[PDB]
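What follows is a set of notes on a single structure, which appears directly below.
2 protein chains.
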Amino acid sequence: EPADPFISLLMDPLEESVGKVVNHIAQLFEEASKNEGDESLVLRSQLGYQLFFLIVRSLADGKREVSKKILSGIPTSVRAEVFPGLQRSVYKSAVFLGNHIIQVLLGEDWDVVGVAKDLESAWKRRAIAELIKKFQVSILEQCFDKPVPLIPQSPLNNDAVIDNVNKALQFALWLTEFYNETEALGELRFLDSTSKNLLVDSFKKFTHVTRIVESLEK
Amino acid sequence: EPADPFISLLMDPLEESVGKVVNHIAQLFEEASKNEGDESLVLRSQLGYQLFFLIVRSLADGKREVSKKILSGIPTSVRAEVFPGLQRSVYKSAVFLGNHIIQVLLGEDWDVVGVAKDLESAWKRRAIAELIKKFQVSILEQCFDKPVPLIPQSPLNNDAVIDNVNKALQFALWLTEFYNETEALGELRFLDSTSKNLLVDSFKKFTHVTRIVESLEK
Numbered sequence: 256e257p258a259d260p261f262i263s264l265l266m267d268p269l270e271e272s273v274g275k276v277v278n279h280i281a282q283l284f285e286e287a288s289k290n291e292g293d294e295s296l297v298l299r300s301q302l303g304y305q306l307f308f309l310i311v312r313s314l315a316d317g318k319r320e321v322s323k324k325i326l327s328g329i330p331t332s333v334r335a336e337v338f339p340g341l342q343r344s345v346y347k348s349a350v351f352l353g354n355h356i357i358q359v360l361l362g368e369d370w371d372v373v374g375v376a377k378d379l380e381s382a383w384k385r386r387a388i389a390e391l392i393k394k395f396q397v398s399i400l401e402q403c404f405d406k407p408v409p410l411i412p413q414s415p416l417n418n419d420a421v422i423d424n425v426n427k428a429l430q431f432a433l434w435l436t437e438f439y443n444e445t446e447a448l449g450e451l452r453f454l455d456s457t458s459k460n461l462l463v464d465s466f467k468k469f477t478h479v480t481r482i483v484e485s486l487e488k
Numbered sequence: 256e257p258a259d260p261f262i263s264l265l266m267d268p269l270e271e272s273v274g275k276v277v278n279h280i281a282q283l284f285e286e287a288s289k290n291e292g293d294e295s296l297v298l299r300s301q302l303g304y305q306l307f308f309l310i311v312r313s314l315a316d317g318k319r320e321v322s323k324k325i326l327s328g329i330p331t332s333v334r335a336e337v338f339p340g341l342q343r344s345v346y347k348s349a350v351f352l353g354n355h356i357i358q359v360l361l362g368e369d370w371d372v373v374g375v376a377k378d379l380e381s382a383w384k385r386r387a388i389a390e391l392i393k394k395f396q397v398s399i400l401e402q403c404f405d406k407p408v409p410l411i412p413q414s415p416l417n418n419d420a421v422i423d424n425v426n427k428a429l430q431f432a433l434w435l436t437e438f439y443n444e445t446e447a448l449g450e451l452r453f454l455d456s457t458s459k460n461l462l463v464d465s466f467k468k469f477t478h479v480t481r482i483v484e485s486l487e488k
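The listed protein sequences correspond, in order, to chains A and A'. A prime marks a further copy of an entry chain. Under PDB author numbering, residues 256 to 362, 368 to 439, 443 to 469, 477 to 488 are what the first sequence spells out, in order. Under PDB author numbering, residues 256 to 362, 368 to 439, 443 to 469, 477 to 488 are what the second sequence spells out, in order.
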């Protein structure tokens, strides 16, 4: 049920609604940059995290190409701050990897999309990790002062959804930061249920697979 | 024993040597930015991480004010990328907190230095966390293609030192990201030895203390 602009636009996601929200956040960001310098920048932090909230939202509802459309609707000046440095270059792989892991937890070829080649680079790895991190704390913290469901029309299951997505992004971070060591294995104690079998089933159809199947048995 | 410029400058730290190294990294970064655009930026990633390596080095040898001097010897254009957004504003608190935890693990008033007020802000928290993260993976990854000791004149104990400092920064990250919950407690399984008692002894002299002493007993 609508009443305000932004809150009504924050409901169901499509190219239209999502695009509107993005542009209109980019406005706050824009005139922030046009006037109040560093203070404005401090605002731009939270604003960017709202953008990341939109991205994660696009990841959870199975709308990955929309997550890719997020980057297009953002001014380059804004993009320079929100995705600083190498982050803007590996954004595609971050979105792809995140979407893959998230959808796996919920229940394309990596070399073709260019994810593997990005994982070969340690710096691109770290950038991807930064982005996935941002994805995580974008739904962890209160981007909006008014609580808005990560998935529209699912208010009661909001904390469940958020916890799940968070754990998914956590395992993605594990993948990036540990691209079967003992120390690496100690960081898998976070898992709850169903996840391991989902890894098995997903990587069965898809040498990352090898490394993970090796890690699990240890 | 010296032979090259950079490698010889990468030895013992003082205002002179450290300053030289910083300026000279800032040169590579500079002419990178002056020509090869995005590729240059990709270089600027690793370069910035070398800068962070210098910062961590300044944290480990008990030279915190030098870590603060790092920021001064860096061009603003470079600073915009290396410390993007709110990171440049909370850099002081990141350096301070990191130094505190590191020196505690090895064996000033927080409200006065402004750390507590920064921890009150979730976005400043996240920024600090990003910086500490960068500190961690700056010593985790090979910033220089030639291995250079984190602490000069300590080559054999290099991996020991690195592991220790890494764990310190890890606990700092725990402090930032969990500013006595069950889920929060599960993230304390990383501890090895001596650390808990160091927390006790350090916070005994120093309501963060309260929250930690509460967490430990649970």
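Ideal placement from N, C-alpha and C gives every residue a C-beta, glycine not left out.
When the options are compared against residue i, the one with the closest alpha-carbon
i	options	result
A/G362	A/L391, A/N460 and A/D405	A/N460
A/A387	A'/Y304, A'/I482, A'/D267 and A'/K289	A'/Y304
A'/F351	A'/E291, A'/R334 and A'/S313	A'/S313
A'/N354	A'/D464, A'/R319, A'/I482 and A'/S458	A'/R319
A'/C403	A'/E484, A'/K324, A'/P268 and A'/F307	A'/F307
A/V421	A/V311, A/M266, A/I262 and A/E271	A/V311
A'/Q282	A'/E484, A'/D316, A'/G292 and A'/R299	A'/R299
A'/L269	A'/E256, A'/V321 and A'/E294	A'/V321
A/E390	A'/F466, A'/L309 and A'/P339	A'/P339
A/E285	A/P330, A/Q301 and A/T457	A/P330
A/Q358	A/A315, A/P260 and A/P257	A/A315
A/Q396	A/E446, A/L341, A/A258 and A/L410	A/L410
A/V345	A/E368, A/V375 and A/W370	A/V375
A/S381	A/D405, A/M266, A/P260 and A/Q342	A/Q342
A'/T457	A'/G328, A'/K393, A'/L360 and A'/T436	A'/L360
A/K377	A/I392, A/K347 and A/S485	A/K347
A/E294	A'/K488, A'/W383 and A'/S288	A'/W383
A'/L302	A'/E256, A'/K289 and A'/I280	A'/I280
A'/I262	A'/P412, A'/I356 and A'/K467	A'/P412
A'/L462	A'/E450, A'/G449 and A'/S485	A'/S485
A'/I482	A'/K393, A'/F453, A'/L448 and A'/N290	A'/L448
A'/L326	A'/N278, A'/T436 and A'/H478	A'/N278
Contacts that residue i makes with chain A (C-beta to C-beta distance below 8 Å)
i	result
A'/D293	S344
A'/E401	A382, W383 and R386
Interface partners of residue i on chain A, CB under 9 Å
i	result
A'/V297	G340, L341, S344, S381, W383 and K384
8 Å Cβ cut-off: residues of chain A' touching residue i
i	result
A/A447	Chain A' residues near A/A447: none, gap ~12 Å exceeds 8 Å.
A/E336	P339 and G340
A/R452	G449 and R452
Chain-ordered chain A' contacts of residue i [CB-CB under 9 Å]
i	result
A/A387	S300
Contact set between residue i and chain A', taken where Cβ atoms lie within less than 7 Å
i	result
A/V397	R386
Contact test: residue i Cβ vs the ligand HEM heavy atom, cutoff 6 Å
i	result
A/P330	This structure simply doesn't include the ligand HEM, nor any ligand for that matter.
message = Does the structure place the stretch 412-432 of chain A' close enough to the stretch 326-334 of chain A' that three or more beta carbon pairs sit under 8 Å?
response = no
ask   = Is there contact here, the stretch 410-421 of chain A with the stretch 273-281 of chain A, by at least three beta-carbon pairs under 8 Å?
value = no
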